[PDB]
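Pasting structure_28.cif here (mmCIF, N, CA and C atoms):
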```cif
data_final
loop_
_atom_site.label_atom_id
_atom_site.label_comp_id
_atom_site.auth_asym_id
_atom_site.auth_seq_id
_atom_site.Cartn_x
_atom_site.Cartn_y
_atom_site.Cartn_z
N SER A 1 -90.19 -89.26 135.57
CA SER A 1 -91.08 -89.44 136.74
C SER A 1 -90.95 -88.28 137.72
N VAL A 2 -89.85 -88.26 138.45
CA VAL A 2 -89.61 -87.21 139.43
C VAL A 2 -88.15 -86.79 139.44
N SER A 3 -87.91 -85.49 139.54
CA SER A 3 -86.56 -84.96 139.56
C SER A 3 -86.40 -83.92 140.67
N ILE A 4 -85.37 -84.11 141.49
CA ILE A 4 -85.11 -83.17 142.57
C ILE A 4 -84.78 -81.80 142.00
N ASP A 5 -84.28 -81.80 140.77
CA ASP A 5 -83.92 -80.57 140.08
C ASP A 5 -85.04 -80.15 139.13
N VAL A 6 -84.78 -79.13 138.33
CA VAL A 6 -85.75 -78.64 137.36
C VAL A 6 -85.05 -78.29 136.06
N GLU A 7 -85.74 -78.44 134.94
CA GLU A 7 -85.15 -78.13 133.65
C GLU A 7 -86.10 -77.35 132.75
N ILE A 8 -85.53 -76.52 131.89
CA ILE A 8 -86.31 -75.71 130.97
C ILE A 8 -86.53 -76.44 129.64
N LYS A 9 -87.19 -75.76 128.71
CA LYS A 9 -87.48 -76.33 127.40
C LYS A 9 -86.44 -75.88 126.37
N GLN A 10 -86.08 -76.79 125.47
CA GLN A 10 -85.08 -76.50 124.45
C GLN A 10 -85.70 -76.25 123.07
N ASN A 11 -86.37 -77.26 122.55
CA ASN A 11 -86.98 -77.18 121.22
C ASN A 11 -88.09 -76.13 121.12
N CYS A 12 -88.72 -75.81 122.25
CA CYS A 12 -89.83 -74.85 122.27
C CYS A 12 -89.46 -73.41 121.87
N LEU A 13 -88.38 -73.21 121.13
CA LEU A 13 -87.99 -71.87 120.70
C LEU A 13 -87.68 -71.87 119.21
N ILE A 14 -87.99 -70.78 118.51
CA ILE A 14 -87.70 -70.70 117.08
C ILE A 14 -87.61 -69.25 116.61
N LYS A 15 -87.04 -69.07 115.42
CA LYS A 15 -86.88 -67.74 114.83
C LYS A 15 -87.46 -67.70 113.41
N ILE A 16 -88.13 -66.60 113.08
CA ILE A 16 -88.73 -66.45 111.75
C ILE A 16 -88.37 -65.09 111.13
N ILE A 17 -88.15 -65.08 109.82
CA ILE A 17 -87.79 -63.86 109.11
C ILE A 17 -88.85 -63.48 108.07
N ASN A 18 -88.54 -62.48 107.23
CA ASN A 18 -89.48 -62.02 106.21
C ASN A 18 -90.69 -61.37 106.87
N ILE A 19 -90.44 -60.28 107.58
CA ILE A 19 -91.49 -59.53 108.27
C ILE A 19 -92.44 -58.86 107.27
N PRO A 20 -93.75 -59.17 107.36
CA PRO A 20 -94.76 -58.60 106.47
C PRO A 20 -95.08 -57.15 106.82
N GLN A 21 -95.29 -56.33 105.79
CA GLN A 21 -95.59 -54.91 105.99
C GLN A 21 -96.70 -54.73 107.01
N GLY A 22 -96.40 -53.96 108.06
CA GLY A 22 -97.38 -53.69 109.10
C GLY A 22 -97.66 -54.89 109.99
N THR A 23 -97.95 -56.03 109.38
CA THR A 23 -98.25 -57.25 110.12
C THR A 23 -97.44 -57.32 111.42
N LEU A 24 -98.15 -57.45 112.54
CA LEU A 24 -97.49 -57.54 113.84
C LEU A 24 -97.24 -58.99 114.23
N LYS A 25 -96.76 -59.18 115.44
CA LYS A 25 -96.47 -60.51 115.96
C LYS A 25 -97.74 -61.34 116.08
N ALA A 26 -98.89 -60.68 116.15
CA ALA A 26 -100.16 -61.38 116.27
C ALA A 26 -100.39 -62.30 115.08
N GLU A 27 -100.16 -61.78 113.88
CA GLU A 27 -100.33 -62.57 112.66
C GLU A 27 -99.26 -63.65 112.57
N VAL A 28 -98.08 -63.34 113.08
CA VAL A 28 -96.98 -64.30 113.10
C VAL A 28 -97.35 -65.44 114.04
N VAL A 29 -97.94 -65.06 115.17
CA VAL A 29 -98.39 -66.01 116.18
C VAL A 29 -99.56 -66.84 115.67
N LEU A 30 -100.58 -66.15 115.16
CA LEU A 30 -101.78 -66.79 114.64
C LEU A 30 -101.46 -67.81 113.55
N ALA A 31 -100.49 -67.48 112.71
CA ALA A 31 -100.08 -68.37 111.63
C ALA A 31 -99.38 -69.62 112.17
N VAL A 32 -98.46 -69.40 113.11
CA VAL A 32 -97.71 -70.49 113.71
C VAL A 32 -98.58 -71.38 114.60
N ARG A 33 -99.36 -70.75 115.47
CA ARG A 33 -100.22 -71.45 116.42
C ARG A 33 -101.31 -72.28 115.74
N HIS A 34 -101.99 -71.68 114.77
CA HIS A 34 -103.07 -72.38 114.07
C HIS A 34 -102.66 -73.81 113.71
N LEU A 35 -101.36 -74.06 113.64
CA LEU A 35 -100.86 -75.38 113.30
C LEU A 35 -101.38 -76.43 114.27
N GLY A 36 -100.77 -76.50 115.45
CA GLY A 36 -101.18 -77.51 116.40
C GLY A 36 -100.95 -77.16 117.86
N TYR A 37 -100.60 -75.92 118.19
CA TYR A 37 -100.39 -75.58 119.59
C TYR A 37 -100.65 -74.11 119.91
N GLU A 38 -100.69 -73.83 121.22
CA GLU A 38 -100.87 -72.48 121.74
C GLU A 38 -99.61 -72.12 122.52
N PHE A 39 -98.66 -71.51 121.82
CA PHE A 39 -97.37 -71.18 122.41
C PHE A 39 -97.05 -69.68 122.37
N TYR A 40 -96.55 -69.17 123.48
CA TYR A 40 -96.25 -67.75 123.61
C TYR A 40 -95.20 -67.32 122.60
N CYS A 41 -95.57 -66.38 121.74
CA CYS A 41 -94.66 -65.88 120.72
C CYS A 41 -94.52 -64.36 120.81
N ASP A 42 -93.29 -63.90 120.60
CA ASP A 42 -92.97 -62.48 120.65
C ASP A 42 -92.09 -62.09 119.46
N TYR A 43 -92.37 -60.95 118.84
CA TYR A 43 -91.58 -60.50 117.70
C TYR A 43 -90.58 -59.44 118.14
N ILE A 44 -89.35 -59.52 117.64
CA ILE A 44 -88.31 -58.57 118.01
C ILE A 44 -87.31 -58.36 116.88
N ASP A 45 -86.94 -57.10 116.66
CA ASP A 45 -85.98 -56.75 115.63
C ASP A 45 -84.58 -57.02 116.15
N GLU A 46 -83.58 -56.85 115.29
CA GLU A 46 -82.21 -57.10 115.70
C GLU A 46 -81.89 -56.31 116.95
N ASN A 47 -81.00 -56.85 117.77
CA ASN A 47 -80.62 -56.20 119.01
C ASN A 47 -79.71 -55.01 118.74
N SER A 48 -78.78 -54.77 119.66
CA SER A 48 -77.84 -53.66 119.53
C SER A 48 -77.05 -53.75 118.24
N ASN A 49 -77.70 -53.42 117.13
CA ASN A 49 -77.04 -53.45 115.82
C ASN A 49 -76.24 -52.18 115.60
N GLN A 50 -75.18 -52.28 114.81
CA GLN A 50 -74.34 -51.13 114.51
C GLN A 50 -75.04 -50.21 113.52
N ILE A 51 -74.29 -49.59 112.62
CA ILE A 51 -74.86 -48.70 111.62
C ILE A 51 -74.15 -48.86 110.28
N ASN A 52 -74.83 -48.50 109.20
CA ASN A 52 -74.26 -48.60 107.87
C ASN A 52 -73.93 -47.21 107.33
N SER A 53 -73.32 -47.16 106.15
CA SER A 53 -72.97 -45.89 105.53
C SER A 53 -73.94 -45.58 104.39
N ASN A 54 -74.71 -44.50 104.55
CA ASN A 54 -75.69 -44.11 103.53
C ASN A 54 -76.32 -45.35 102.92
N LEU A 55 -76.72 -45.25 101.65
CA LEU A 55 -77.33 -46.39 100.98
C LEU A 55 -76.44 -46.91 99.86
N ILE A 56 -75.46 -47.73 100.22
CA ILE A 56 -74.55 -48.30 99.26
C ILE A 56 -74.05 -49.63 99.79
N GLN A 57 -73.83 -50.59 98.91
CA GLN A 57 -73.38 -51.89 99.35
C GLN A 57 -72.26 -52.43 98.47
N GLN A 58 -71.03 -52.29 98.95
CA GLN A 58 -69.86 -52.76 98.24
C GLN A 58 -69.78 -54.28 98.29
N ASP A 59 -68.56 -54.81 98.25
CA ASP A 59 -68.38 -56.25 98.29
C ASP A 59 -68.59 -56.79 99.70
N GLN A 60 -67.97 -56.14 100.68
CA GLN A 60 -68.10 -56.55 102.08
C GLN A 60 -68.64 -55.40 102.92
N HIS A 61 -69.38 -54.49 102.28
CA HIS A 61 -69.96 -53.34 102.96
C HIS A 61 -71.34 -53.64 103.55
N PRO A 62 -71.63 -53.10 104.74
CA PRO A 62 -72.92 -53.29 105.41
C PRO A 62 -74.07 -52.78 104.56
N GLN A 63 -75.26 -53.24 104.89
CA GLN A 63 -76.45 -52.86 104.14
C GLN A 63 -77.17 -51.69 104.81
N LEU A 64 -77.94 -50.97 104.01
CA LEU A 64 -78.68 -49.80 104.47
C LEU A 64 -79.59 -50.12 105.66
N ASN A 65 -80.45 -51.12 105.52
CA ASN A 65 -81.39 -51.48 106.59
C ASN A 65 -80.71 -52.18 107.77
N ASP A 66 -79.54 -51.70 108.17
CA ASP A 66 -78.82 -52.31 109.29
C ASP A 66 -79.68 -52.34 110.55
N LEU A 67 -79.88 -51.17 111.14
CA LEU A 67 -80.68 -51.05 112.36
C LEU A 67 -82.15 -50.81 112.02
N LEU A 68 -82.74 -51.75 111.29
CA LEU A 68 -84.14 -51.63 110.89
C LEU A 68 -85.08 -52.13 111.99
N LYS A 69 -86.32 -51.66 111.95
CA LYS A 69 -87.32 -52.05 112.93
C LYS A 69 -88.21 -53.15 112.37
N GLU A 70 -88.71 -54.00 113.26
CA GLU A 70 -89.58 -55.11 112.88
C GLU A 70 -89.03 -55.86 111.67
N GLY A 71 -88.52 -57.07 111.90
CA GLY A 71 -87.96 -57.85 110.82
C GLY A 71 -88.15 -59.35 110.98
N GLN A 72 -88.28 -59.82 112.22
CA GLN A 72 -88.46 -61.24 112.49
C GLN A 72 -89.23 -61.45 113.78
N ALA A 73 -89.85 -62.62 113.92
CA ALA A 73 -90.62 -62.90 115.11
C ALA A 73 -90.12 -64.15 115.84
N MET A 74 -90.21 -64.09 117.16
CA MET A 74 -89.79 -65.18 118.03
C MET A 74 -91.01 -65.89 118.60
N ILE A 75 -90.93 -67.21 118.72
CA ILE A 75 -92.05 -67.98 119.22
C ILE A 75 -91.61 -69.00 120.27
N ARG A 76 -92.33 -69.06 121.40
CA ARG A 76 -91.99 -69.98 122.49
C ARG A 76 -93.17 -70.85 122.92
N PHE A 77 -92.93 -72.16 122.98
CA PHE A 77 -93.95 -73.12 123.39
C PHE A 77 -93.80 -73.47 124.86
N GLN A 78 -94.88 -73.93 125.47
CA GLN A 78 -94.87 -74.30 126.87
C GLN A 78 -94.25 -75.68 127.07
N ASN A 79 -93.88 -76.33 125.98
CA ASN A 79 -93.27 -77.65 126.05
C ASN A 79 -92.40 -77.91 124.83
N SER A 80 -91.27 -78.57 125.06
CA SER A 80 -90.36 -78.91 123.98
C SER A 80 -90.97 -79.99 123.11
N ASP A 81 -91.53 -81.00 123.76
CA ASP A 81 -92.17 -82.09 123.04
C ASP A 81 -93.24 -81.54 122.12
N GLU A 82 -94.04 -80.60 122.62
CA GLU A 82 -95.08 -80.01 121.80
C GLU A 82 -94.45 -79.31 120.61
N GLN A 83 -93.58 -78.34 120.90
CA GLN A 83 -92.90 -77.61 119.84
C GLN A 83 -92.49 -78.59 118.76
N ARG A 84 -91.87 -79.69 119.19
CA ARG A 84 -91.46 -80.74 118.28
C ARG A 84 -92.66 -81.17 117.44
N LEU A 85 -93.69 -81.64 118.13
CA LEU A 85 -94.91 -82.09 117.47
C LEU A 85 -95.29 -81.12 116.35
N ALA A 86 -95.34 -79.83 116.67
CA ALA A 86 -95.65 -78.81 115.69
C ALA A 86 -94.63 -78.86 114.56
N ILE A 87 -93.40 -79.18 114.92
CA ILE A 87 -92.31 -79.29 113.96
C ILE A 87 -92.55 -80.46 113.01
N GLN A 88 -92.64 -81.66 113.58
CA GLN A 88 -92.87 -82.87 112.80
C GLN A 88 -93.96 -82.65 111.75
N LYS A 89 -94.92 -81.78 112.06
CA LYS A 89 -96.00 -81.50 111.12
C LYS A 89 -95.47 -80.73 109.92
N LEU A 90 -94.91 -79.56 110.18
CA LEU A 90 -94.36 -78.72 109.12
C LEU A 90 -93.31 -79.48 108.32
N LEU A 91 -92.68 -80.46 108.96
CA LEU A 91 -91.65 -81.26 108.32
C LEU A 91 -92.08 -81.68 106.92
N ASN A 92 -93.23 -82.34 106.84
CA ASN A 92 -93.75 -82.81 105.56
C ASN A 92 -93.06 -84.10 105.14
N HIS A 93 -93.11 -84.41 103.85
CA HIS A 93 -92.48 -85.62 103.33
C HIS A 93 -90.96 -85.54 103.47
N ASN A 94 -90.39 -84.44 102.99
CA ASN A 94 -88.95 -84.24 103.06
C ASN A 94 -88.60 -83.11 104.03
N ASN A 95 -87.34 -83.05 104.43
CA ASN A 95 -86.89 -82.01 105.36
C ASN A 95 -87.03 -80.62 104.73
N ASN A 96 -85.95 -80.14 104.12
CA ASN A 96 -85.96 -78.82 103.49
C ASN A 96 -86.17 -77.73 104.53
N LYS A 97 -86.08 -76.48 104.10
CA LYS A 97 -86.25 -75.35 105.01
C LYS A 97 -87.73 -75.01 105.17
N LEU A 98 -88.20 -75.02 106.42
CA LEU A 98 -89.58 -74.71 106.72
C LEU A 98 -89.96 -73.33 106.20
N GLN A 99 -91.16 -73.23 105.65
CA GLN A 99 -91.67 -71.97 105.13
C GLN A 99 -93.13 -71.81 105.51
N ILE A 100 -93.54 -70.58 105.81
CA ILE A 100 -94.91 -70.33 106.21
C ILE A 100 -95.39 -68.96 105.77
N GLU A 101 -96.65 -68.88 105.36
CA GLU A 101 -97.23 -67.61 104.95
C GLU A 101 -98.10 -67.07 106.07
N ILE A 102 -97.70 -65.96 106.66
CA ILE A 102 -98.44 -65.39 107.77
C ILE A 102 -99.07 -64.06 107.39
N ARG A 103 -100.35 -63.94 107.71
CA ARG A 103 -101.09 -62.74 107.36
C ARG A 103 -101.06 -62.58 105.85
N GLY A 104 -101.16 -63.71 105.15
CA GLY A 104 -101.18 -63.68 103.71
C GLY A 104 -99.86 -63.28 103.10
N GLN A 105 -98.77 -63.35 103.87
CA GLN A 105 -97.46 -63.01 103.35
C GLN A 105 -96.50 -64.16 103.62
N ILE A 106 -95.55 -64.38 102.73
CA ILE A 106 -94.60 -65.47 102.88
C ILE A 106 -93.44 -65.10 103.78
N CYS A 107 -93.31 -65.83 104.88
CA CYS A 107 -92.23 -65.60 105.84
C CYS A 107 -91.44 -66.88 106.08
N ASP A 108 -90.15 -66.74 106.39
CA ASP A 108 -89.29 -67.88 106.65
C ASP A 108 -89.28 -68.22 108.14
N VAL A 109 -89.39 -69.50 108.46
CA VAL A 109 -89.40 -69.94 109.85
C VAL A 109 -88.35 -71.02 110.11
N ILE A 110 -87.62 -70.87 111.21
CA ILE A 110 -86.59 -71.83 111.59
C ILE A 110 -86.87 -72.39 112.98
N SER A 111 -87.03 -73.71 113.07
CA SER A 111 -87.33 -74.37 114.34
C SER A 111 -86.08 -74.71 115.15
N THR A 112 -84.97 -74.02 114.90
CA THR A 112 -83.73 -74.31 115.62
C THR A 112 -83.19 -73.09 116.36
N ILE A 113 -83.12 -73.20 117.69
CA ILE A 113 -82.59 -72.14 118.53
C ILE A 113 -81.52 -72.69 119.46
N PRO A 114 -80.25 -72.39 119.17
CA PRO A 114 -79.11 -72.85 119.98
C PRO A 114 -79.15 -72.29 121.39
N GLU A 115 -78.33 -72.87 122.26
CA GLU A 115 -78.25 -72.42 123.63
C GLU A 115 -78.04 -70.91 123.66
N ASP A 116 -77.04 -70.45 122.92
CA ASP A 116 -76.74 -69.03 122.87
C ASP A 116 -78.01 -68.22 122.64
N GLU A 117 -78.83 -68.66 121.71
CA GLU A 117 -80.07 -67.96 121.40
C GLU A 117 -81.14 -68.22 122.45
N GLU A 118 -81.24 -69.46 122.90
CA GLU A 118 -82.23 -69.81 123.91
C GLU A 118 -82.04 -68.92 125.12
N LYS A 119 -80.82 -68.95 125.65
CA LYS A 119 -80.45 -68.15 126.80
C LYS A 119 -80.66 -66.66 126.53
N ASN A 120 -80.30 -66.23 125.32
CA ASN A 120 -80.43 -64.83 124.93
C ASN A 120 -81.90 -64.39 124.91
N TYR A 121 -82.73 -65.17 124.23
CA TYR A 121 -84.15 -64.87 124.12
C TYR A 121 -84.85 -65.00 125.47
N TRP A 122 -84.66 -66.13 126.13
CA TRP A 122 -85.28 -66.37 127.42
C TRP A 122 -84.95 -65.23 128.38
N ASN A 123 -83.66 -65.01 128.58
CA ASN A 123 -83.20 -63.96 129.47
C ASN A 123 -83.65 -62.62 128.94
N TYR A 124 -83.63 -62.48 127.62
CA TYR A 124 -84.08 -61.25 127.00
C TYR A 124 -85.48 -60.93 127.48
N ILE A 125 -86.42 -61.80 127.13
CA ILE A 125 -87.81 -61.60 127.53
C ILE A 125 -87.91 -61.44 129.05
N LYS A 126 -87.12 -62.22 129.78
CA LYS A 126 -87.12 -62.15 131.24
C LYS A 126 -86.47 -60.85 131.72
N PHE A 127 -85.81 -60.16 130.80
CA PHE A 127 -85.14 -58.90 131.12
C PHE A 127 -85.99 -57.71 130.71
N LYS A 128 -86.65 -57.84 129.56
CA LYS A 128 -87.53 -56.78 129.07
C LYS A 128 -88.82 -56.81 129.88
N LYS A 129 -89.25 -58.02 130.20
CA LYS A 129 -90.44 -58.23 131.01
C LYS A 129 -90.00 -58.57 132.43
N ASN A 130 -89.55 -59.80 132.61
CA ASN A 130 -89.08 -60.27 133.91
C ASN A 130 -90.24 -60.82 134.75
#
```
Conversion result in structure tokens:
Amino acid sequence: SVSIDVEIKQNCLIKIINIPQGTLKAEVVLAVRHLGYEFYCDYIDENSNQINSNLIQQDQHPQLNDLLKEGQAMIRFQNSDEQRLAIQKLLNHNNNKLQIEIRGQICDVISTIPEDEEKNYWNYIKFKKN
């Protein structure tokens, strides 16, 4: 009803991988949104990533595409309940890992963003944009 305080959204955040060649965040957004909502989505590559050694991958050795550009997209809804709604849809008959094809390409989508990530992304965008 009414709260003297204010609270942000939790479920309204998610992460997706399998970045399609060239395909920008627009196609990632268009694919996700077409579902059931209009939620602000932004794509971002790994943050301050380290570096790898040439192109070789031992047993516990880093991979070549360490500090690669464009790899996953972030999506934010104006409501947690909504985000959920969009979730319950993709859910389907059984749980399993959500999957979506964006811009005619198959990309992996995860509807779970922990506090660490919520705060990171929120503040991130609020830091890059503000």
| request: Any chance you could resolve the PyMOL selection byres (((chain A and resi 29-31 and name CA) around 12) and name CA) against this file and give the residues as a ChimeraX atom specification? | output: /A:14-16,23-28,32-43,72-77,99-109
| task | as a count of residues only, please: all residues of segment 72-115 of chain A that backbone DSSP puts in alpha helix (DSSP H). | result | 13
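Taking atom N of residue 122 of chain A and atom N of residue 7 of chain A as endpoints, the distance between them is 15.2 Å.
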| task | For atom CA of residue 125 of chain A and atom N of residue 4 of chain A, quote the distance in Å rounded to one decimal. | result |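 Interatomic distance, atom CA of residue 125 of chain A to atom N of residue 4 of chain A: 26.6 Å.
Going from atom C of residue 91 of chain A to atom N of residue 110 of chain A covers 12.5 Å.
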| Between A:81, A:66, A:71, A:57, which has the minimum distance to residue 44 of chain A (counting all atoms listed in the file)? | A:71
What's the 8 Å shell around residue 51 of chain A, counting all atoms listed in the file, without same-chain residues fewer than 5 positions away, as a compact mmCIF listing (two decimals) with N, CA and C atoms, in the coordinates of the input?
```txt
# COMPACT_ATOMS: atom_id res chain seq x y z
N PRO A 62 -71.63 -53.10 104.74
CA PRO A 62 -72.92 -53.29 105.41
C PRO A 62 -74.07 -52.78 104.56
N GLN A 63 -75.26 -53.24 104.89
CA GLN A 63 -76.45 -52.86 104.14
C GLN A 63 -77.17 -51.69 104.81
N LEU A 64 -77.94 -50.97 104.01
CA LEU A 64 -78.68 -49.80 104.47
C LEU A 64 -79.59 -50.12 105.66
N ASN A 65 -80.45 -51.12 105.52
CA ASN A 65 -81.39 -51.48 106.59
C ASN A 65 -80.71 -52.18 107.77
N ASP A 66 -79.54 -51.70 108.17
CA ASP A 66 -78.82 -52.31 109.29
C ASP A 66 -79.68 -52.34 110.55
N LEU A 67 -79.88 -51.17 111.14
CA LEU A 67 -80.68 -51.05 112.36
C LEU A 67 -82.15 -50.81 112.02
```
| field | Nearest-residue call for residue 82 of chain A, choices A:2, A:17, A:55, A:12, using all atoms listed in the file | value | A:12
